[PDB]
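Chains as they are written, first to last, in the authors' numbering: chain CS, 5 to 177; chain CO, 1 to 205; chain CE, 123 to 243; chain Cf, 1 to 157; chain CM, 1 to 159.
The beta-carbon is built from N, C-alpha and C at its ideal position, and this holds for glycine as well.
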Amino acid sequence: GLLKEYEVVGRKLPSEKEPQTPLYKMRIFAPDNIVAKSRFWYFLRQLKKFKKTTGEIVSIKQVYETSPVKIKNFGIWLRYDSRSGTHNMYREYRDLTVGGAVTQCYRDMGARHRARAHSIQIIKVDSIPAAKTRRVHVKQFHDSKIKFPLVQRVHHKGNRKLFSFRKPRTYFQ
Amino acid sequence: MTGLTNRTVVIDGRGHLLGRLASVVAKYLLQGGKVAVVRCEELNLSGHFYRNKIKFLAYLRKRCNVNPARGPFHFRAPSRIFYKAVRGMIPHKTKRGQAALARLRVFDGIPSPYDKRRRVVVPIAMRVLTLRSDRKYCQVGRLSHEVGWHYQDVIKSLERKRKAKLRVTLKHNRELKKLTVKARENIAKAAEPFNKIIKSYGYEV
Amino acid sequence: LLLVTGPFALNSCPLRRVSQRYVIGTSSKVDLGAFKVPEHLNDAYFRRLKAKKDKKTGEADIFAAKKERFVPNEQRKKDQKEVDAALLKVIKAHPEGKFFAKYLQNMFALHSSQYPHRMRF
Amino acid sequence: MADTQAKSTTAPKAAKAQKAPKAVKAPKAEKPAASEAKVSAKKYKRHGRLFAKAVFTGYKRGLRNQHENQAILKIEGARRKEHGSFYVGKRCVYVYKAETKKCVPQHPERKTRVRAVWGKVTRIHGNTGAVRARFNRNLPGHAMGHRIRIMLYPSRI
Amino acid sequence: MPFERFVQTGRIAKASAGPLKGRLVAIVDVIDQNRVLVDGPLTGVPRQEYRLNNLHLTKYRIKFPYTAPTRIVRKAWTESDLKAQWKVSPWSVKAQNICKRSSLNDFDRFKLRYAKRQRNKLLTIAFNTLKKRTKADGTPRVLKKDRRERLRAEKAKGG
RNA sequence: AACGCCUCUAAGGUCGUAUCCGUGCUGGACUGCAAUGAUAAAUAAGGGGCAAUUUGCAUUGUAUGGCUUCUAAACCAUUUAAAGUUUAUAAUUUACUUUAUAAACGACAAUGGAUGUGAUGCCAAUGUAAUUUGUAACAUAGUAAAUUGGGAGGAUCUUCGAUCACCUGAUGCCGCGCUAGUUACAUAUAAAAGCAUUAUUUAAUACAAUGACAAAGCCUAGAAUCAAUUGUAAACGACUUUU
RNA sequence: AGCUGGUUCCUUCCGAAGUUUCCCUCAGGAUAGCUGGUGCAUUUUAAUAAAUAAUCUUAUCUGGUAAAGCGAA
RNA sequence: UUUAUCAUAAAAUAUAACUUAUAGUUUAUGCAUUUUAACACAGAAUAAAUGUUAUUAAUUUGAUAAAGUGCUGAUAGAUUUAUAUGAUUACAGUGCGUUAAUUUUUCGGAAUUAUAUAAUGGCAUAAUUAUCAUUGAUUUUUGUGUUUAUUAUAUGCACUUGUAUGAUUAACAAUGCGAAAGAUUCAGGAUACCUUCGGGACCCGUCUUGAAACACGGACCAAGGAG
């Protein structure tokens, strides 16, 4: 569930008589180098036949988030499978990570729709520049002059005393 | 009193959730911490007044038909409702569990010597911390009176009487506490046996 | 194994030897340069002069109680008193409390609500 | 940051006293430039020193396999796996009360109305600083929520 | 709005969870509800985003240019003399005290307790005539009133 | 309000069943518990009782190497998640209550053991101890030992409700203790043989309870049940009456 | 009596089948299969492979199910 | 990505003349002051605020792989009939008698450098052979030259509580005690059985697919009693 992004390429077997089968690639969200290949064939199958082990892997390579301190809005376009009911989504996530966005995605999808990690298909990734954010929740973050109340707290339990005689003390002023 | 740590922990049943408190207490009894739980009418259980009322009414439906006096004791009192919650969490069918129940004392409306005693908070049990905002909750003493607890009226008078003795002791305690701090502060600088130990401690007391 | 002295005169602990494992080795250091050193106190020295099974000699059909732990010996007293005296001079430099000079007397307190685990002794 | 951890980790060893290396600060705090390298922990409860106030409140069990040859021992001051790891090695004793003597001269002479069962502490049971213990006898389990007692002999430096 | 604590730009937060732990930090930018971009260059924590569940937010609010990279944060922090206010901060001195409540190699512990009994005598020994309660007395005397004037003045007396 | 609006509803709030649950009605926790009475045995005897006692001595727990403990004062009164703990000035109150101004621990890190919060301990002990320290000075802060009478008050399963306080007045004089600080003088324990000191792992002592041999120090002099008997009672015990 | 009931010490090691066929057979046998025991002949599958047995793969055959078809019989 | 720095867009976050309000208050329904998570990229301007191109920093940051590089704690085990009829052998340390030089301790000693032989890596050169493509690399094999490092051989004999010898637990030490018969003291034990604690234990025989069965025999015990 560990969200690492991987470039996988796969040609379809190698004959000397028979030249240079075409080279397809994908970006794959996987914790796993193996899951990177696993999803890669399944999505490759959807356009272009190519069953592993009439299938040639090629190279498995992990790709490098360009800006993990970078403060960006991503739109992901998503397909999920419901019980009687496969449908399409666009949702927008504000994350450090394209990796972090997807990880927050599988959790969010899982929750609301009952969203199966196996029942979810990714679709597409783009970084949203600039007011193309339909995103009512998202566009709240873009707002000049972003000060926001800290609402509530979170009470470590109890203490370094199991026995807290100094009463928490919901106050905080 | 004499214990692995304190053989009597007087616990304030105020703003504790009933099962959260019962479970942590059950552990303490098994560990040998011998606890007394006071103000079980001030004990809260989550889920609306009405929702609790119907849950609790479901058990009295349970009744050993042949001789119902063999049959399930539907314990009215908030102290006894707390007691049932702890007892179920303990293996009370074993002789070890009998020892553990004997370690436990449960009182509604804090009497005898327990009122000049400090009611300790268990912070896991705390309703305000654990329970989400805007969630309606029931108070056990309200629930108790619906299922037939006679003594709701009785304890409320006994608690008021207790609070009044507890008010006068507080007032004198706060007055005394002023006069103790000045009597340290004024002798402190006036030689050095208070300057030596306080500022060599220098932490933040 | 360890040679340990209280110093004797303060915290009532003799020229006494104890296991490396019995000991928590606290950060507090007394300058050990002044001493006559236990070059002179060796395994043999404190080895007991003697648990005879009885009255010196050789098979005298004896009697209940010699001195398995207790006289005491004069040689051993003299050895303590010299070493302890030099201990007292170094130890007096450090201020009173639990364990160096008038500091030494007191008998240890990790007091109730105090911690053998986060005591970085 | 793997390098930075390595540099940061030289520093507490330096302070200990010695082998004499790295300083690269660490706070013990005034410090001229450090709130840097962190406020303890902590995770407590007490005793500690003849005896950790300890509880025999269990045996090491399967769900319903009693397996008493090792015991669970809760050391009061040990919340954490780190703290209970201090106690890994220590000798334990349970001293308890008897009506009837038994044992005469070898060491002291105990009037054996007071009986002692001697044990050692072993490895760290708890996510929450309970520890395993082996005892030479093994503790009868009538000792449950009875205070058992752990002397700080054997402590490594 | 009385004012409870704002997740604001520059409201500061002393982040408990981290390799940061106990370092004082300032909120650069408000990310998402769960996170804030935080930079504390004078406490020497490098720039990172971190979760608002890892950090709990301070009283201290300094007019901050919100979106500042490390150099301008470091320039704005020593202009605020923020470190110096944070040492005055008596609850941070109390936070530096638990780094000292640690050990105090047991030698220093019985300093407290030997000498606490110096003060513990002197309390009971200062005690017992205001107005409040009553308060009193006209003894029954020659030692007892000369023990009350043995607070006060302290000549001639007993008995 | 959502849905500028509007609406029994989302939040909050009112009335409302032969229901339900008490009141009530019925068994009465076999011994769950309270209150109160007499508290024996009678003298050639002694017996019990206050025994919480007090002594030789014993038993047992505590602390177990003084003590390497411990604590029935004690962080409210709450709606409660912007909910909130307080101080002070100006008012206000029975109520940390009520009002305006200024701040403040802005559910941070803090805090949660101890402020041991009537500032405990492990102190007293100026050698702190399986001995106790004893004895001299200086100056500062400054300590107190005893008895009796009277007037009012308190008690929810609680270790003595024919008990324990508080206050006020009176009586005198054992001067019994003195402590902390600094400093003098002397010494037993401590030298526990052991160089591997933990191993079979202590107890002088301290505190709390219990004991009782012969003896000692105070107080007081029941009834139950069976027989016989009633019928209000009943198979028999038992119930209710009786001399 | 093909039925029911019972059958008398232990340990060690290996260890089933309710299937095939025929039988007035179908509450049972025989028979084959599964089971053990007894061994025997040779170990390049044996005592100080260029000989296999049987499972992948490969190479070389077979098939009318799944699917498909009905503007194919 | 980020630090440090340059140019451009550009200040879209903040700073910044000034414009406005509520309001405590002030002045006299309105004003002036100031405070206000109540105003306006509001002017020039500033921090390049963000984006983009360039340069970087002990080059970061993430991941993964690798070195007995160095090292600590704890846990359980430790058959040892090693001549029942089978091994005790191997190595290492230390001393012995080749020298020199430099260095450290500065005493005893210790290290490195100064040989021949063999192997190996690294440089250059040449041939083959396979390969990615030929700009250039990689592979297997072989030879040659140069220099350097590393490693092994040329290091025997005596002694040794040295390491292992393939289940290598003992140095070292304390304590109980075998104290004549007599008999103390220590350790150890689900004998019978009692106690205290936890956990587990449903009735056997049998036919039956399956038995604790609300299936059948068997109250209990002895002795006869069936491949």
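Where residue i falls, given that 16 or more other Cβ within 10 Å makes a residue buried
i	result
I81/CO	buried
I150/Cf	buried
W118/Cf	exposed
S80/CM	buried
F169/CS	exposed
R46/Cf	buried
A84/CM	exposed
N52/CO	buried
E192/CO	exposed
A22/CO	buried
Residues bridged to residue i [DSSP beta-bridge criterion]
i	result
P153/CS	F6/CM
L125/CE	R139/CE
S131/CS	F78/CS
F192/CE	Bridge partners of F192/CE: none, in fact.
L139/Cf	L139/Cf is not bridged to any residue.
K14/CM	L24/CM
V86/CO	Beta-bridge pairing links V86/CO to no other residue.
residue 216/CO	With chain CO represented from 1 up to 205, any question about residue 216/CO goes unanswered, as that position is not in the structure.
Length of the line joining the Cα atoms of residue i and residue j
i	j	result
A130/Cf	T70/CS	45 Å
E99/Cf	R113/Cf	6 Å
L17/CO	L131/CO	9 Å
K189/CO	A183/CO	11 Å
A207/CE	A156/CE	10 Å
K74/CS	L24/CM	22 Å
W81/CS	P35/CS	20 Å
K21/CS	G103/CS	42 Å
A26/CO	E49/CM	42 Å
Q31/CO	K74/Cf	9 Å
Residues near residue i by beta carbon distance below 7 Å, same chain, minus five either side
i	result
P133/CS	none
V128/CO	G15
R148/CM	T129
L143/CM	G158, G159
Residues near residue i in its chain [Cβ-Cβ closer than 6 Å; skip 5 each side]
i	result
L209/CE	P129
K102/Cf	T112
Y96/Cf	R115
residue 221/CO	Any answer about residue 221/CO is impossible in this case: the structure gives chain CO only from 1 up to 205.
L29/CO	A100, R103, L104
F54/CS	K16, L48
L137/CE	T127, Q202
heavy atom of the ligand GDP below 7 Å from residue i C-beta
i	result
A99/CO	Questions concerning the ligand GDP fall outside what the structure shown contains, since it holds no ligand whatsoever.
Own chain residues within Cβ distance below 8 Å of residue i, not counting five before or after
i	result
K13/Cf	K19, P21, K22
Are the stretch 90-109 of chain Cf and the stretch 7-26 of chain CM touching by the rule of at least three beta carbon pairs closer than 8 Å?
-> Proximity of the stretch 90-109 of chain Cf to the stretch 7-26 of chain CM falls short of the contact definition, fewer than three beta-carbon pairs being nearer than 8 Å.
Touch check for the stretch 75-84 of chain CM and the stretch 49-59 of chain CM: three-plus C-beta pairs under 8 Å?
-> They do not touch, by the three-pair rule.
Would you call the stretch 156-165 of chain CE and the stretch 199-219 of chain CE touching, i.e. three or more CB-CB distances under 8 Å?
-> The stretch 156-165 of chain CE vs the stretch 199-219 of chain CE: in contact.
Just checking, does the stretch 229-240 of chain CE make contact with the stretch 32-50 of chain Cf on the three C-beta pairs under 8 Å criterion?
-> Taking a cut-off of 8 Å on C-beta distances, the stretch 229-240 of chain CE touches the stretch 32-50 of chain Cf, as three or more cross pairs fall below it.
For the stretch 134-150 of chain CM against the stretch 130-139 of chain CE, are there 3 or more C-beta pairs whose distance is under 8 Å?
-> Verdict: no, contact absent.
Using 8 Å as the Cβ pair cut-off and three pairs as the minimum, do the stretch 138-147 of chain CS and the stretch 84-104 of chain CS touch?
-> Three or more Cβ pairs closer than 8 Å define a contact, and the stretch 138-147 of chain CS meets that threshold against the stretch 84-104 of chain CS.
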